[PDB]
Amino acid sequence: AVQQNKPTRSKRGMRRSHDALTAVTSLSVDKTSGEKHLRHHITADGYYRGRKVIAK
Amino acid sequence: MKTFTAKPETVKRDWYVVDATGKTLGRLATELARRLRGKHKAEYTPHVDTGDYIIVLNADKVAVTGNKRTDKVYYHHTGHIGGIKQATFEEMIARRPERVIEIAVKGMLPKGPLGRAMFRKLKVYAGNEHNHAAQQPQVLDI
Amino acid sequence: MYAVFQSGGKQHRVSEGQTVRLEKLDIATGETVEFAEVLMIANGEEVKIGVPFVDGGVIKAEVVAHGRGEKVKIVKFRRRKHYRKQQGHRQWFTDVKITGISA
Amino acid sequence: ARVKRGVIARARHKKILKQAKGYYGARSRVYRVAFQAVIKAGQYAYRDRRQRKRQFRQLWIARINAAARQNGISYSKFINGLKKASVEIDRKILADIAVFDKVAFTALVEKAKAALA
Amino acid sequence: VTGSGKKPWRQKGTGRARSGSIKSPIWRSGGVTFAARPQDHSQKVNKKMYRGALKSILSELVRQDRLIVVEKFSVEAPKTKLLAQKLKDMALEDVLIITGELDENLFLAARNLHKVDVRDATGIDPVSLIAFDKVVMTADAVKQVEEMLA
Amino acid sequence: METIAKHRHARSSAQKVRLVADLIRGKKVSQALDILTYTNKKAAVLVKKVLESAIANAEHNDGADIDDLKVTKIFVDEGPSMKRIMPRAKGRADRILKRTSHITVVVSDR
Amino acid sequence: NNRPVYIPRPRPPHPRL
RNA sequence: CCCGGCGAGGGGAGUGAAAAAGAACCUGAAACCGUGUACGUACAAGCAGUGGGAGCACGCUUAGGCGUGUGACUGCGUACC
RNA sequence: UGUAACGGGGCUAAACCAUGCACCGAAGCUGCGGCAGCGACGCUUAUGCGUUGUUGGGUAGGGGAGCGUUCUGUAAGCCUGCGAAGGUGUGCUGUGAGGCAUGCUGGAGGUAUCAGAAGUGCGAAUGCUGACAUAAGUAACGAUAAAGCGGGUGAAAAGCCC
């Protein structure tokens with residue numbers, strides 16, 4: 001239930017090797033407004049497929 | 001001055017062919033182990049693979065004196081519940097004759113990364129035909 | 001073109017014009033030395049000694065250095081017996097250059 | 001006269017850590033562990049100063065044996081000829097000759113064989 | 001050490017070392033296993049041994065010509081300049097003016113100077129005699145030194 | 001030119017922001033901005049503010065043309081931590097470490 | 001930075017008798 | 001003056017002999033945690049070192065090697081009190 | 001638990017008996033150099049030895065000789081803002097504890113030699129105090145009465161206001 005002796009910093013680092021994050025690397029540019037956004041998401045200012053969707 | 005040490009880059013390795021027909025298993029294997037390790041060369045080095053490549057043919061023709069032909073049993077454990085398996089000389093020859101020669105040499109060779117490295121050079125074929133003629137493997141009388 | 005000679009309790013194999021680091025001798029740092037104790041001489045042809053120490057072979061060398069060797073640390077330790085000891089050593093050496101090799 | 005030991009203690013600890021440099025993990029970072037490694041390293045060095053002589057001796061003997069077998073004589077027989085012929089060449093040289101000057105080593109065995117005969 | 005004899009924690013069951021009081025020497029803020037006491041370092045020296053030492057030092061100074069015998073050494077007025085001038089002409093910088101009788105004018109003149117020290121025959125110590133580069137005595141001072149040394 | 005930019009005593013722990021730092025390390029600022037913009041961590045916005053400041057310092061205090069800038073050196077080192085006592089069961093007490101970190105950003109044209 | 005003041009009584013051990 | 005939330009924090013400027021003396025302030029060690037460079041490491045078993053030792057990367061005078069770092073492989077070797 | 005009663009391979013001689021000649025084999029002995037202890041001789045006489053021999057594993061413990069730290073005298077001397085102590089490297093040197101020199105940092109104290117005095121040397125005591133790791137970005141986020149949406153303020157709203 002408890003450790004017999006403290007692990008090594010190397011063993012500590014090896015465990016964290018899989019915790020690294022990954023960038024989306026999939027930024028999409030709207031056809032009309034031309035802003036970067038996630039694919040299948042509305043832009044910050046509210047354009048999707050060019051045509052505005054939020055009307056706000 | 002400093003004793004000479006063989007440099008792995010500048011090592012010339014020859015190729016030899018040995019026929020295992022009518023040869024004692026252990027006496028044959030001992031010779032191959034000596035050749036594989038390179039102990040027969042004046043530039044031998046314990047930490048360098050200075051040996052030569054050996055091709056063994058007619059492995060199924062190897063013979064053992066006495067009752068070893070039936071009484072010799074090879075045990076190997078599969079690391080499971082009760083996975084202890086035994087096969088005598090006959091079954092090993094019937095299934096794959098090259099295993100006995102490989103096992104005999106592996107035991108006689110040193111254990112470790114270099115020990116495995118030299119064993120890489122052993123090449124055992126059950127039949128009398130080999131596909132290494134491109135290396136000019138001159139026959140070795142031994 | 002090399003010779004094997006016994007100088008400081010151990011054979012040395014030296015070629016002509018080579019510097020050999022052997023054990024300390026009672027010679028000055030700018031004084032030539034005598035080695036009439038030659039065990040073997042090799043050339044393009046093969047010559048070997050029928051009797052130890054050849055018959056007329058000799059080695060001429062000039063002493064260049066009389067320094068001390070690299071520091072070596074001697075550590076004696078007994079487990080659980082409360083005994084530890086340390087010591088140092090720097091063996092003396094005499095470096096010489098072989099100027100001549102007779103036959 | 002109060003005496004502080006801060007300066008001396010660091011000097012001693014650094015001296016040990018300097019000798020322990022290159023070791024793995026805490027053996028080169030922690031004094032309590034580095035001291036064991038330095039002492040243990042000292043024992044091995046003292047032990048190996050003697051093992052080195054025998055390891056090289058056996059290495060030379062193997063080289064001489066390999067040269068003798070290749071040239072048609074056992075190592076034991078070869079040494080007899082030199083002893084009978086009164087040749088004081090040591091193992092280190094004989095191994096040195098065998099690697100470099102094949103012709104010279106051939107001369108050695110011929111007299112060795114002659115001495116036996 | 002100020003504090004109390006209370007045990008910080010009971011003597012068993014705790015996962016901590018056994019402690020009796022916060023005043024233990026191995027504890028921070030209180031301790032000192034062997035605290036110093038006010039004691040005198042004075043050492044007894046035999047009268048003959050003390051006298052024998054002075055004779056040896058006096059003999060050595062004479063041999064090394066560090067001792068000079070002169071007549072009366074006095075200053076007309078209590079001014080340091082007069083003493084300084086009377087020593088510069090004599091080429092003395094670190095001198096011990098050992099006089100037969102203490103004179104106020106001489107005492108005041110030498111009081112400011114640190115390399116120059118003036119004392120009576122009674123007030124002499126081995127340390128001062130050795131420390132001072134030169135010692136100049138008076139005839140009366142030498143005479144009284146002879147008799148009390150005996 | 002170096003145009004460093006540091007943000008000391010950041011709220012987040014040193015570890016948690018290192019994951020964000022590795023994402024943009026060695027990459028050009030242009031892709032760095034959007035990556036941090038669309039990364040779902042506060043360390044993203046925390047690092048983004050520092051990166052924005054670094055760009056501003058480069059543009060203002062030094063040569064313009066921020067387009068050709070790359071994050072040459074991005075690293076984080078843990079800073080001072082605050083000790084807090086938190087009650088536990090059976091009357092025991094433990095210490096809570098409100099860890100902080102310093103984020104340093106270095107952007108250079110070459 | 002006060003050292004733990006109240007240490008609870010240890011859990012009774014299994015009877016090895 | 002600039003970024004930032006009329007912030008925190010930082011970058012310039014400025015004061016000073018010095019701002020890695022900026023009020024978290026003399027000196028600023030160790031454990032501990034990072035970034036960069038060189039080498040080694042994904043078929044190889046164990047007090048992690050020591051003896052031998054190839055290669056590689058950096059410096060030297062010489063063009064032969066020595067120094068520094070690393071360390072494949074190999075002999076021996078089961079911490080301290 | 002798995003061959004598991006040659007260490008393994010393997011061996012019909014690589015087994016056993018007898019004989020013989022070789023070799024391997026330790027820190028044993030010898031060879032070369034170096035240091036120290038004790039008894040001797042020829043001669044130095046408070047110390048060198050052309051020398052003679054022998055000894056030098058070691059706990060409890062006894063004996064002998066030393067390094068280093070703080071402070072006092074020597075010292076109102078000596079070193080020092082063209083850079084002290086301390087810190088961090090490197091290079092030399094001693095049988096060892098150590099010493100010396102110098103690069104960077106540092107910024108104003110330091111101290112030869114010979115003596116004297118000790119709070120005079122730490123790795124352990126479930127040692128004391130502070131700092132920082134480990135487990136680990138893991139358990140948990142404190143009643144299973146429950147939230148959803150619009151608008152507002154704001155840099156930012158599942159938690160604030162309507």
Side-chain angles (χ1 to χ4, degrees), chain A residues 2-3 6-7 12 19, chain B residues 5 7-9 24-27 29-30 46-48 65-66 73 75-77 84 86 103-104 106-108 112-114 116, chain C residues 8-10 23-24 78-83 86-89 91-92, chain D residues 1-5 7-10 13 23-25 27 29-32 35-37 40-41 44-45 47-52 54-56 58 61 75-77 79-80, chain E residues 15-18 24 26-29 32 34 36 41 114-115 127 131, chain F residues 3-9 13-16 18 49-50 52-57 60-61 73 75-78 80, chain G residues 1:
Chain A
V2 65
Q3 65 183 357
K6 64 186 288 192
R12 200 180 65 196
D19 293 311
Chain B
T5 297
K7 286 177 160 50
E9 293 83 3
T24 307
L25 170 53
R27 302 190 184 285
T30 309
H47 71 269
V48 188
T65 74
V73 193
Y75 305 83
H76 69 271
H77 198 248
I84 189 66
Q86 65 182 357
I103 295 164
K106 195 207 301 310
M108 285 172 213
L114 188 153
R116 290 184 281 289
Chain C
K10 61 186 75 65
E23 190 277 331
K24 177 177 84 74
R78 197 64 67 190
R79 190 161 46 182
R80 294 182 303 275
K81 306 308 189 188
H82 187 263
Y83 165 80
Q86 293 179 356
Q87 195 175 334
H89 193 69
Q91 191 75 352
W92 290 79
Chain D
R2 178 149 185 271
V3 165
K4 296 182 74 166
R5 57 213 177 84
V7 173
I8 301 299
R10 291 188 296 272
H13 285 197
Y23 296 169
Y24 172 96
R27 299 166 55 87
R29 295 178 178 88
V30 175
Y31 180 79
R32 196 182 289 278
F35 189 83
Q36 293 179 356
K40 180 64 70 67
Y44 288 146
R47 189 201 66 200
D48 292 355
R49 261 192 285 287
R50 291 142 181 69
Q51 277 203 334
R52 171 164 66 206
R54 56 176 88 160
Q55 293 179 356
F56 271 110
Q58 90 177 2
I61 280 160
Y75 167 85
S76 311
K77 299 274 178 65
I79 294 282
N80 290 318
Chain E
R16 291 178 294 201
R18 308 178 294 197
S24 175
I26 62 170
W27 273 61
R28 186 176 162 284
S29 66
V32 190
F34 311 113
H41 304 91
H114 52 98
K115 299 298 293 295
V127 176
Chain F
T3 187
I4 62 170
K6 293 187 286 185
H7 166 231
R8 311 153 64 61
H9 310 93
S13 174
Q15 178 168 207
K16 294 180 182 178
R18 298 233 191 81
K49 291 176 73 69
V50 187
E52 211 53 15
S53 159
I55 297 169
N57 310 124
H60 192 257
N61 307 134
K73 295 180 177 66
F75 55 93
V76 178
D77 70 286
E78 83 301 8
Chain G
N1 288 356

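Within every chain, numbering begins at 1; the chains are lettered A, B, ... in the order of the sequence lines, protein sequences first and strands thereafter. What's counted below: heavy atoms across the whole structure, side chains too, no hydrogens, waters or symmetry copies.
Across all strands, D:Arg10 comes closer than 4.0 Å only to sugar-phosphate atoms, never to a base (heavy-atom distances). Residue E:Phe34 is classed as having no contact, given no heavy-atom separation below 4.0 Å to the nucleic acid. Counting any heavy atom pair closer than 4.0 Å across all strands shown, D:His13 reaches sugar-phosphate atoms only and no base atom. Within 4.0 Å (heavy atoms only), F:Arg8 reaches sugar-phosphate atoms of the nucleic acid but no base atom. When heavy atoms are screened at a 4.0 angstrom cut-off, D:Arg2 is found touching base atoms of the nucleic acid. Residue contacts shown for F:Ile55 are absent, as no nucleic acid heavy atom lies under 4.0 Å away. Nucleic acid contact class of F:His9 (heavy atoms, under 4.0 Å, all strands): base. Residue B:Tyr75 is in base contact, counting any heavy-atom pair closer than 4.0 Å across all strands shown. F:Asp77 comes within 4.0 angstrom of no nucleic acid atom, judged by non-hydrogen atoms across all strands. Using a 4.0 Å heavy-atom cutoff across all strands shown, F:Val50 reaches no nucleic acid atom at all. Within 4.0 Å (heavy atoms only), F:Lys73 reaches no atom of the nucleic acid at all.
Nucleotides I:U69 and I:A118 are base-paired: the Watson-Crick or wobble atom pairs both lie closer than 3.5 Å. Nucleotides H:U70 and H:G55 are base-paired: the Watson-Crick or wobble atom pairs both lie closer than 3.5 Å. Pairing check for I:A112 against I:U153: the Watson-Crick or wobble criterion is not satisfied at the 3.5 Å limit. Remark: I:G58 does not pair with I:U54, failing the Watson-Crick or G-U wobble criterion at under 3.5 Å for both atom pairs. Pairing status of H:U37 against H:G65: not a Watson-Crick or G-U wobble pair with both distances under 3.5 Å. Here I:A117 sits opposite I:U70 as a true base pair, Watson-Crick or G-U wobble, both distances under 3.5 Å.
For A:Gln3 and I:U134, a side-chain-to-base donor-acceptor distance below 3.5 Å is present, hydrogens and geometry of angles not being considered. Side chain C:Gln91 to base I:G34: no donor-acceptor pair is found below 3.5 Å. Not a single donor-acceptor pair, N or O on each side, falls under 3.5 Å between the base of I:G10 and the side chain of B:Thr24. Looking at B:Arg27, its side chain comes within 3.5 Å of the base of I:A14 through a donor and an acceptor atom.
In this structure, the side chains of F:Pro80 and F:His9 come closer than 4.5 Å at one or more pairs of heavy atoms. The shortest distance between side-chain heavy atoms of F:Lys6 and F:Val50 does not fall below 4.5 Å.
Under the 3.5 Å distance criterion, the side-chain polar atoms of F:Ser53 are left unmatched by any main-chain donor or acceptor of F:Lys49. When atom types are taken as modelled, the side chain of A:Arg12 and the backbone of A:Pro7 share no donor-acceptor pair closer than 3.5 angstrom. Under a 3.5 Å cut-off, the side chain of C:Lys81 and the backbone N or O of C:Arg79 do not form any donor-acceptor pair.
Note that OH of D:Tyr23 and NZ of D:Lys40 are 11.0 Å apart. Values are rounded to the nearest 0.5 Å. With rounding to the nearest 0.5 Å, the separation of CD1 in F:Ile4 from NZ in F:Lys73 is 11.5 Å.
Ranking H:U50, I:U129, I:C32 by closeness to the D:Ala45 side chain, first place goes to H:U50. Looking at the side chain of D:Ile61, the nearest of the listed nucleotides I:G25, H:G53, H:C2 is I:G25. The B:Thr30 side chain lies nearest to I:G9 when the options are I:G121, H:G10, I:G9. Out of I:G10, I:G2, H:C3, the shortest distance to the side chain of B:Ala104 is found at I:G10. With H:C32, I:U134, I:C122 as the candidates, the nucleotide lying closest to the side chain of D:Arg29 is H:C32.
Annotation: of the two residues near RNA chain I, D:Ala1 and F:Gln15, the 5′-most nearest-nucleotide partner is D:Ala1. Each of D:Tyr24 and F:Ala5 was assigned the nucleotide of RNA chain H with the nearest heavy atom; the assignment lying further toward the 5' end belongs to F:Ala5. Mapped onto RNA chain I by nearest heavy atom, E:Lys115 and A:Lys6 fall at different nucleotides, with E:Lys115 at the one closer to the 5' end.
Taking atom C1' in both I:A60 and I:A85, one finds a spacing of 45 Å when rounded to whole Å. Nucleotides H:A13 and H:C1 place their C1' atoms 8 Å apart, quoted to the nearest Å. Rounded to whole Å, the separation between the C1' atoms of I:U55 and I:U44 comes to 25 Å. Distance noted for atom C1' between H:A57 and H:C39: 7 Å (whole Å). Nucleotides I:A136 and I:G91 have their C1' atoms positioned 46 Å apart, rounded to a whole Å. Nucleotides I:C122 and I:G68, compared at atom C1', are 15 Å apart to the nearest Å. Across the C1' atoms, H:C2 and I:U134 are found 44 Å apart, a figure rounded to whole Å. Rounded to whole Å, the separation between the P atoms of I:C132 and H:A29 comes to 16 Å.
Remark: I:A36 and I:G37 stack on each other (six-membered ring centres under 5.5 Å, interplanar angle under 30°). Judged on ring centres (limit 5.5 Å) and ring planes (limit 30°), I:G50 and I:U51 do not form a stacked step. Neighbouring bases H:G22 and H:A23 form no stack, their six-membered rings failing the under 5.5 angstrom centre or under 30 degree plane limit.
Nucleotide I:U95 has no partner under the Watson-Crick or G-U criteria, as no pair reaches both atom distances under 3.5 Å. I:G106 is unpaired under the criterion used here, namely a Watson-Crick or G-U wobble arrangement in which both key atom distances are under 3.5 Å. Pairing partner, H:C25: none, since no Watson-Crick or wobble contact has both distances short of 3.5 Å. Under the Watson-Crick or G-U wobble criterion, with both distances below 3.5 Å, I:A146 is left unpaired in every strand shown. H:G14 is unpaired under the Watson-Crick or G-U wobble criterion, no partner having all donor-acceptor distances under 3.5 Å. With a cut-off of 3.5 Å on both Watson-Crick or G-U wobble distances, the partner of I:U90 is given as I:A101. A 3.5 Å limit on both hydrogen-bonding distances identifies I:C49 as the Watson-Crick or G-U partner of I:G42. The partner of H:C47 is absent, by the rule that a Watson-Crick or G-U pair needs both atom distances under 3.5 Å.
Base orientation of I:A135: anti, since the glycosidic angle falls outside 90° of 0. I:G81 has its base syn relative to the sugar, with a glycosidic angle deviating from 0 by at most 90°.
Residue-nucleotide stacking is not present for F:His7 and H:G9, judged by a side-chain ring centre under 5.5 Å from the six-membered base ring centre and planes under 30° apart.
A close approach under 4.0 Å does not occur between any side-chain nitrogen or oxygen of A:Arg12 and OP1 or OP2 of I:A133. Note on C:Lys24: a side-chain N or O is less than 4.0 Å away from OP1 or OP2 of I:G34.
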Do nucleotides 69-81 of chain H as a string where each nucleotide becomes B, S or -: B if the base has a protein heavy atom under 4.0 Å, S if just the sugar-phosphate does, - if no protein is that close.
----BSBBS-BSS
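Atom CZ of E:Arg16 is surrounded by more than 12 heavy atoms from other residues, nucleotides or ligands within 6.0 Å. Heavy atoms from other residues, nucleotides or ligands lying under 6.0 Å from CZ of D:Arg50 number more than 12.
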